[PDB]
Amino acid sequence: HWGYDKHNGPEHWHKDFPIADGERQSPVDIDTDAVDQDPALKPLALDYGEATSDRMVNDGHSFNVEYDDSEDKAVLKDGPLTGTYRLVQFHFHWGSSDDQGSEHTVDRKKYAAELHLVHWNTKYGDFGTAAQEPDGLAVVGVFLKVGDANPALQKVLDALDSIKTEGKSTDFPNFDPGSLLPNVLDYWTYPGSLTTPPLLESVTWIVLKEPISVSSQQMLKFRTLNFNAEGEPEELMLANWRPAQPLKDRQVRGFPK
């Protein structure tokens, strides 16, 4: 099974998942000098009021907060998108110290962590089916920048003791994912992929320009998770970020510019 270790990490993924060297891999560095304006782009529309969070799960690579996606209760529209996209889950990536951990980077600048809010195109019947299509998924990426303690985030971090090891899950109702958004939805967008195996090239990326905050003390909580299952030898979730991949023949577009 793949991981982030020296012997199963990002550098090795291409063996079991050759699409790792595909034409549209994520994440990427966003060079702000090379970002294009596009009048076809629209403001991002997030409709999360009716969202109902189900549970929080440790899957051995990160942790996920799952949402009810059986109806249009938490949907993403416009931005670069056509149609309706349902929120299925969010999860995080982070690094071993505060100076690194984001997957996307801006002019090479790394944030301490990154939040990925994962959505699927209701044109397909479900998440799994959508993931197999180039227009199937839309992921909103949000940077976590070290500074002030974040009370919204803290609610998530308060649950982590319950899911320390791989396979553990806990009830996590009434979490508003809109509480993990910044107050400006300016974005960069490009066509890409999942940043974890199977690295499917089915994601329209929407990376928010403006980060949310996280304290250094809060960041300590992320790294107390275990990659390993209960009973197995301890391996701390110190880092789980894929590095920047080549942009190749893609163009990053910016809204409002």
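Numbers follow the displayed sequence, beginning with 1.
- The question of which stretch, 149-157 or 70-78, has the higher mean Cα B factor is settled in favour of 70-78.
- Relative to its counterpart among 188-196 and 26-34, 26-34 has the higher mean temperature factor, C-alpha atoms as listed in the PDB entry.
- Considering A229, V57, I206, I212 together, the PDB entry gives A229 the largest C-alpha B factor.
- Ranked within its chain, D171 lands in the middle third, by CA B factor from the PDB record.
- For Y85, the recorded CA B-factor ranks within the middle third of the chain. Only modelled residues enter the ranking.
- Per the deposited record, the Cα B-factor of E103 falls in the lowest third when ranked against the other modelled residues of its chain.
- Placement of the Cα temperature factor of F127 within the chain: highest third of the modelled residues, per the deposited record.
- Ranked within its chain, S202 lands in the middle third, by CA B factor from the PDB record.
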